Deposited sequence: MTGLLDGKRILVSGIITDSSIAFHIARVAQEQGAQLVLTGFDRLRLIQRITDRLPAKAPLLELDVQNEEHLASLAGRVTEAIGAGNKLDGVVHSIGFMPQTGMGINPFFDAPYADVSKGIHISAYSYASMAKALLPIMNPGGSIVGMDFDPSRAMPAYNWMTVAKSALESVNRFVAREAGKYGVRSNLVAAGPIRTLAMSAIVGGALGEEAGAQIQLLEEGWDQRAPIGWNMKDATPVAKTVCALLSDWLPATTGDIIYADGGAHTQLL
């Protein structure tokens, strides 16, 4: 069996065992993929977190704002997977916005320097990651990013909403590039998942609306249905979708109430 049997897949964004990335990595492994992980800040500790996966996997450092990590990244990856092998899969699960662009902070009070850093990490970095990895990607491959539906405004999400609108744009253009390698590019738009990144009456009402609107419910504490949706895109069962967004959100975005 194995939905992802034989596939070599890069997975960024594990920071804890609650990380959406951690769960994509797990399910991908249960499904036959061989993975290469990347980690941003506390490599020593991410290494421990990743020790908890069903199988071992190289772990490389990637600070998505660091030019040098980006230039060296294709090279380091081939070393890890064995020269003469390419990636079949890439998962961008990275995101950041300064606190001032975030929750209770006045929307107008977030300075551009702060807005720019968050756009850098959350939006521009999807393109730079694709730039780095596409030369080492096989035909029939799949790049997947993580998205939270920015098509309407809402409390707290603030300038991250903006960064996700930009990310959706970037996705459409990356797909144009990836098409040349016979590679798909897509976003999974997830419901709220109880994560290190997630984290008063505003937020609660906002997050309660998923389970309510979703004809099949939504569980903020279960990352697996979103993980499976990501693998679905990494697999050969969505061969004809690109520059697109799959909604893994219990159907919530299709229901007014």
query	finding
Sequence ranges without modelled C-alpha atoms (deposited numbering)	1, 201 to 211
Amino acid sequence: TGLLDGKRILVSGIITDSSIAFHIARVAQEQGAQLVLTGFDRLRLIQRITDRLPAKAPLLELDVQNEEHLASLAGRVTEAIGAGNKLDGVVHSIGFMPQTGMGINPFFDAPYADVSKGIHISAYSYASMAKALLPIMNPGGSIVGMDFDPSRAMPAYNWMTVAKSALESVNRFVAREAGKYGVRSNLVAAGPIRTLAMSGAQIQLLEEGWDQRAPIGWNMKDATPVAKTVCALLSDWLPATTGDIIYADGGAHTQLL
From here on, numbers count along this sequence of modelled residues.
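Note that the rigid core is defined as the largest set of C-alphas that superpose within 1.5 Å between two forms.
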item	value
Which of 209 to 217 and 184 to 192 lies farther from this form in 8 other deposited structures of this protein, as RMS of C-alpha positions after a rigid core fit	209 to 217
Higher-scoring stretch by recorded Cα B factor average, 242 to 250 or 7 to 15	7 to 15
Between the two ranges 223 to 231 and 203 to 211, the one averaging a larger CA B factor in the entry	203 to 211
Residue with highest C-alpha B-factor in the PDB entry, from 182, 150, 89, 103	103
Residue of maximum C-alpha B factor among 123, 81, 156, 162, per deposited coordinates	81
Third of chain Cα B-factors occupied by residue 166	lowest
Third assignment of residue 193 from its chain's C-alpha B-factors	middle
Cα B factor band for residue 142 (lowest, middle or highest third within the chain)	lowest
Relative C-alpha B-factor of residue 216, binned into the chain's lowest, middle or highest third	lowest
Modelled-residue ranking by C-alpha temperature factor, third containing residue 131	middle
